[PDB]
């Protein structure tokens, strides 16, 4: 029942693309990224660092938006939202609406949008230059339901679409990755990578 945002990779004029830390697959890992699967595996509500890389610095007022969509064709028109349990668990920080799957952690300038026409959720933050001893800016995301949550994602895979935007919201660049929110990301990444090898 909602229009489907593009997931097509688009570096644009600034050469925009994502990067991910190399956190490994130990049983204790809270978030780990598989380049072979283009897939982030993370625990519920834990910090997911996502790097922003550009070839040239975009203008002041540039922002970065995150939105989830279902990966599969039969589900892509459905808004990705938190499940009936988690939307009612009183865990909002006062900024993120309790229905939103994706939050930004530790940024008081995060804004949360309920799109008036598509009803899709997204979270957008201003782009700032890298910290003093760093080559890239990093955003910390949290995912607020498990992939398995009944009445929400319900075991359906999702993509996160990251869009670099100007101050009006016009597209400057786009990238994306699949997400699985699960209890043991390290084990699940190993299993899915071993499966891909077979």
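Residue numbers count along the first chain shown, from 1.
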| property | result |
| --- | --- |
| 101 to 109 versus 124 to 132 - greater average Cα B-factor per the deposited record | 124 to 132 |
| 157 to 165 or 53 to 61, whichever carries the higher mean Cα B-factor | 53 to 61 |
| Residue with highest C-alpha B-factor in the PDB entry, from 147, 30, 38, 170 | 30 |
| Third of chain Cα B-factors occupied by residue 183 | highest |
| Residue 26, C-alpha B-factor rank within chain (lowest, middle or highest third) | highest |
| Ranked C-alpha temperature factor of residue 96 among modelled chain residues, by third | middle |
| Record-listed C-alpha B factor of residue 116: chain third | highest |
